[PDB]
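K.L.:
Starting off with a structure, shown below.
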Amino acid sequence: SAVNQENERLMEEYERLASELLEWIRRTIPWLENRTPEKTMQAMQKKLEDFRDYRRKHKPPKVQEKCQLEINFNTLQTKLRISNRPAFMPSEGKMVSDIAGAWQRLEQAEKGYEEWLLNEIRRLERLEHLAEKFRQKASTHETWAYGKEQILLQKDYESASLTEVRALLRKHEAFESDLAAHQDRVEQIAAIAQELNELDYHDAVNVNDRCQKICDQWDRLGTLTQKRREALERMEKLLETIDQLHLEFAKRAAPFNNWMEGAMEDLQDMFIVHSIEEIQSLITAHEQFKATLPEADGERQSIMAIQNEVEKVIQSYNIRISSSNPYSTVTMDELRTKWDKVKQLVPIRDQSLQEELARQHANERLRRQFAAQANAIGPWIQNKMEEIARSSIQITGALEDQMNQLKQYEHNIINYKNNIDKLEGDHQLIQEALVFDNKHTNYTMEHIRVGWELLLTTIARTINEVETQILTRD
Amino acid sequence: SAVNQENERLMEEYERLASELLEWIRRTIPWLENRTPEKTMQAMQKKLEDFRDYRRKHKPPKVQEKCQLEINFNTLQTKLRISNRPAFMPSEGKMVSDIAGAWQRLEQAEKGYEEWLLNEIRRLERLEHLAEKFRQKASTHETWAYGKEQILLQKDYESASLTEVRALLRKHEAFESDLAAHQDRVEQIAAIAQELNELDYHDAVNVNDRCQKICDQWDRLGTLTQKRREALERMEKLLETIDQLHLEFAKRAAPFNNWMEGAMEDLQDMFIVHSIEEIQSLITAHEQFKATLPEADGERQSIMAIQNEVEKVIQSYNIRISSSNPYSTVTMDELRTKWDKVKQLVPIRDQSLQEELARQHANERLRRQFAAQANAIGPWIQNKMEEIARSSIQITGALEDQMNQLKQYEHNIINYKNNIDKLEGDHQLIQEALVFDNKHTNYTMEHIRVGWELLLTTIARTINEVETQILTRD
Amino acid sequence: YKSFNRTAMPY
Amino acid sequence: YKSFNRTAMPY
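Residue numbers (the authors' numbering), protein chains in the order written: chain A, 273 to 746; chain A', 273 to 746; chain B, 218 to 228; chain B', 218 to 228. A prime marks a further copy of an entry chain.
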């Protein structure tokens, strides 16, 4: 029984060594069937080294310890066959058929533990980079649009001029180019939030919201930029059409104000004419002007229809600003009151022209009645002088027959005295009216005056000469 | 002596009647030789009626009274010839020869009294109308130019914009047309003062001055209007050339600010590449950008040379106004400090690109040394397994000759254990560097792991199988 | 004698 | 795996 005790200390070796690796195989099987991922990537990096130490340090001894127990069994069962001893049966379930099933399930548990950790850290690696690139991109574009909505809402242009509105439009033009450059920024952030949605980020709850808030603001900026452009282009086209009317207003306001201011001097301009044609020519030129009054009144209405159009523009489009012309110093009141003064002066000029026409007619009436008498008295005296000249020489030697004719001529002259007095009145009236230019007659009052003064001097002369010749002859 | 007393009462009649008309002829001769004109026209109008009453009322009796005394003489001297009485000789100088000389000088005094009064009132009439037309014209044009000189002096445009200066120029354009319409007004007043100078107005002393003052102001207005136009056209052409530079500034400021603001994101943009070509392609595109830095720096200098030109314009022409751009929100400081930030980020991007290139090179260095061992250990184990497979079947029936070869293969495997441990280190290092994509080899650590684990399991198996076959054969 | 008398300019 | 990595736009 010396060899009988050797087998007892070798069969308990297989029983103790089987429990040594079965207690290890039963403690690592729940760990190998874990497959529950961790949140951080660093945790899975350690979990791969935990599997690595198992694969290069704890599995190599157990691989050898699997067939080592099989080595001891395929020798111990040959020892109890040579000296034909009772065969060994292991306790509870520490048998060869049983241990093979534990390693068959352990090698079935790790049929993808390395491949699970690798493609979990492969996914985790992309999630960790995309998470920080999202925070980077969504903050640089978050901060860009701080205040962008409120500035787009500004209604400053409601009281701006065509200069400030065009300048505003060029500033707004530049912001549109600035906006365009960020389309690819929000396009990128939308795709980063989609890749972080597909890869299942732990905080994709707040990324779906933080990205939709940014993408929703972008929709607001697109429309707001076109709505402010719609208001700036409308304000630009309202002040542009107001300037077209303010330039066209000033264009015809000055020529008309110069014509009106000029016509006021000419309507009052004093004059003095001594010819009936001299006054007529003034009426000829004044009645020519009287004809260009509906012609210029039509122009006056047209010029006012242009400043009434600018008040209509501000009213219809409700863009309450100063309807004053910054080009012309000619007001609508000036064109109303100045015109009334010009129309008021026309009957004054007509009245003063016709009163001078009446004067020239009265002056010519006096010239005509003076010439009728002068061209009858003048030649009557020249013929009465020639009658006396012929009657004062030779004839019948009888003085008494020439004394009859001399006292007859004397009576002819007495009867004509009244007709001379007529001319003195009409002469006084011509010079009282301030006329001295008589074209119808050649004789003046003085030429008749001397003819009559000669006529009476030479009748009494030749009468006294015949009276002395009658006495100095007895 | 009854007829002797009749001649005494008839000779004293001629002596008394001669003194009656000689006292009249001597009182009217100084009046007839007056010819001293009066100031007013109304005074000469009366002076003509004074001559008229003399010509139609006081000369007609004296004409008859001249020859009436001659009638009495040429009868009285025939009476003292019939009854031969002493001839009559008039006292002092009341003789026939003497009275003829008084009337010869009286008719010589009035040889132009009517013609002097007529052409004095003819001249006076024009002087009286021209005097009131001068006062009318010189007051309407005096009042027109009240303040015209001071307004022309206004230096308001020194702080006006291109809008206000063009508008000012259109207002000034209108005043030039207003000025032109009054050239014929001052031309007329100059001719009225010349006609009042030729006709000798009593107050032509003050008309020569009052007209030269008005004509002197006109000379001032002509030059002043062209001097203010010279200043308005200069201000218009200075602000016009400043706007050409402010539009050209904004034109290239936004594209450059968008490029600069865009390049700042791309210089910091994070990335992760796992290929040596993946990193190379980034350096390819970054070094392309590094080449368009003198290209855009030249553009940056050109854009700044345009805002330095507007400061040069205000300085050279001394028209101190705001040199700020009302078109672009891009300041010169923005273009200086933003550029410095872009140049500061280039070595950061170069540093971070090259550090990742070093990583990719180190990762490929590890891939290459792992594949060199795997593509040598893998095929060595597959050839050691095939050697044992051939050595474990048939051969010499002697087990001891196969037991020699089995324990020889065993030594070959022991000597190779270190070479396997090498791969475990380099495998750990590849996954420690986060690499899993090895293209050079087909085998992973696990494929070598199972080959070695099979190799030791099947050496001890076939060794124990030969050991049982040596014992169960005696 | 010269004429200084003016007439309004028709439009 | 897609590439999100961006490169600076040359002028």
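Ideal Cβ positions, reconstructed from N, Cα and C, are used throughout, including at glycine.
Take the Cβ of A':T609 as the centre, count every other Cβ of all protein chains shown within 10 Å, and call the residue buried at 16 or more, exposed below.
P.N.:
With fewer than 16 other Cβ atoms within 10 Å, it is exposed.
K.L.:
Taking only the alpha-carbon atoms, compute the straight-line gap between A:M542 and A':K405 and give it to the nearest angstrom.
P.N.:
Rounded to the nearest angstrom, the two C-alpha atoms are 6 Å apart.
K.L.:
Can you tell me which of A:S291, A:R328, A:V275, A:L304 puts its alpha carbon nearest to the alpha carbon of A':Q700?
P.N.:
Closest by alpha carbon: A:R328.
K.L.:
When the Cα of A:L425 is compared with those of A:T495, A:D481, A:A432, which residue comes out closest?
P.N.:
Checked all of A:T495, A:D481, A:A432; the closest Cα to A:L425 is A:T495.
K.L.:
Find out if the Cβ-Cβ distance for the pair A':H712, A':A648 is shorter than 9 Å.
P.N.:
The answer is no: Cβ separation not under 9 Å.
K.L.:
Name, going along the chain, the residues of the segment 395 to 415 of chain A whose beta-carbon falls closer than 8 Å to a beta-carbon of chain B'.
P.N.:
Against chain B' - using a Cβ distance shorter than 8 Å - the residues of the segment 395 to 415 of chain A are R398, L402, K405.
K.L.:
Identify, in the order they occur along the chain, each residue of the same chain with its Cβ nearer than 6 Å to the Cβ of A':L617, setting aside the five sequence neighbours on each side.
P.N.:
For A':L617, where only same-chain residues beyond five positions count, the Cβ hits under 6 Å are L539.
K.L.:
Give me the residue from A':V275, A':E658, A':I731 with the minimum Cα distance to A':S355.
P.N.:
The shortest C-alpha separation from A':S355 is found at A':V275.
K.L.:
Less than 9 Å between the beta carbons of A:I464 and A:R377, yes or no?
P.N.:
No, they are not a contact pair.
K.L.:
Looking at A':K613: is its Cβ nearer than 9 Å to the Cβ of A':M507?
P.N.:
Against a cut-off of 9 Å, the Cβ pair of A':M507 and A':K613 comes out as no contact.
K.L.:
Mind checking the segment 458 to 492 of chain A' against chain B and listing, in chain order, the residues whose C-beta falls within less than 9 Å of any C-beta there?
P.N.:
So the list reads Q460, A463, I464, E467, given in the order they occur along the chain.
K.L.:
Would the beta-carbon of A:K351 fall within 9 Å of that of A:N279?
P.N.:
In contact: A:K351 and A:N279 (Cβ atoms closer than 9 Å).
K.L.:
Using a Cβ cut-off of 8 Å, pull out every chain A residue sitting near A':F708, in sequence order please.
P.N.:
In chain order: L390, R394.
K.L.:
Quick check on this structure: which residue in A':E386, A':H401, A':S363 has the alpha carbon closest to the alpha carbon of A':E284?
P.N.:
Checking every option, the nearest Cα to that of A':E284 belongs to A':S363.
K.L.:
If you draw a straight line from the alpha carbon of A:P598 to that of A:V479, how long is it in whole angstroms?
P.N.:
Between A:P598 and A:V479, the C-alpha separation is close to 58 Å.
K.L.:
What number of angstroms, rounded off, separates the C-alpha of A:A503 from the C-alpha of A:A446?
P.N.:
If you take the alpha carbons of A:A503 and A:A446, they lie about 17 Å apart.
K.L.:
Can you name the start and end residues of the alpha helix (DSSP H) that A':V582 belongs to?
P.N.:
From DSSP, the alpha helix (DSSP H) with A':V582 extends over 565 to 589.
K.L.:
Would you check if the segment 551 to 570 of chain A' and the segment 425 to 444 of chain A touch, i.e. whether three or more CB-CB distances between them fall below 8 Å?
P.N.:
Touching, no.
K.L.:
Specify the secondary structure class of A':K694 as computed by DSSP and reduced to three states.
P.N.:
DSSP places A':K694 in helix when its eight states are reduced to three.
K.L.:
Tell me whether A':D475 sits in a helix, a strand or coil according to DSSP, three-state version.
P.N.:
Coil.
K.L.:
Quick one: is B:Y228 near chain A', going by C-beta distance under 9 Å?
P.N.:
Judged by the 9 Å Cβ criterion, B:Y228 is not in contact with chain A'.
K.L.:
Whose Cβ in chain B' lies nearer than 9 Å to the Cβ of A':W531?
P.N.:
In chain order: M226, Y228.
K.L.:
For A:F528 versus A':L390, is the C-beta spacing smaller than 9 Å?
P.N.:
In this structure, A':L390 does not lie closer than 9 Å to A:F528 by Cβ.
K.L.:
DSSP state of A':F447, grouped into three classes?
P.N.:
Looking at A':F447 - three-state DSSP - the assignment turns out to be helix.
K.L.:
Ignoring anything shorter than 4 residues or poking outside the segment 662 to 744 of chain A, list the alpha helix (DSSP H) runs there in chain order.
P.N.:
Whole alpha helix (DSSP H) segments, 4+ residues: 671 to 686, 689 to 704, 717 to 743.
K.L.:
Suppose you measure from the CA of A:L341 to the CA of A:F360; what does that come to, to the nearest Å?
P.N.:
So the two alpha carbons sit approximately 14 Å from each other.
K.L.:
Counting only C-beta atoms, is A':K679 closer than 9 Å to chain A at any point?
P.N.:
Not an interface residue.
K.L.:
May I ask you to report which of helix, strand or coil DSSP gives A':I544?
P.N.:
Here A':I544 sits in coil by DSSP.
K.L.:
Using a Cβ-Cβ cutoff of 9 Å, what residues of the segment 563 to 577 of chain A are near chain B? List them in chain order.
P.N.:
For the segment 563 to 577 of chain A, which is checked against every Cβ of chain B, the residues closer than 9 Å are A563, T564, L565, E567, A568, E571.
K.L.:
Is A':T601 helix, strand or coil by DSSP?
P.N.:
Correct three-state label for A':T601: coil.
K.L.:
Whose C-beta lies closer than 8 Å to the C-beta of residue 217 of chain A among residues of the same chain, with five residues either side of it excluded?
P.N.:
Residue numbering for chain A in the displayed model covers 273 to 746; residue 217 of chain A lies beyond these limits and cannot be assessed.
K.L.:
If you check the beta carbons only, do A':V582 and A':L517 fall under 9 Å apart?
P.N.:
Closer than 9 Å, so yes.
K.L.:
Please report the residue range of the alpha helix (DSSP H) in which A:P332 lies.
P.N.:
Note, A:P332: alpha helix (DSSP H), 331 to 354.
K.L.:
Below 7 Å on C-beta distance, what does A':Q560 contact in chain B'?
P.N.:
Those are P227, listed as they occur along chain B'.
K.L.:
Answer with buried or exposed for A:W724, where buried requires no fewer than 16 other C-beta atoms within 10 angstroms of its C-beta.
P.N.:
The residue is buried, with at least 16 neighbouring Cβ atoms inside 10 Å.
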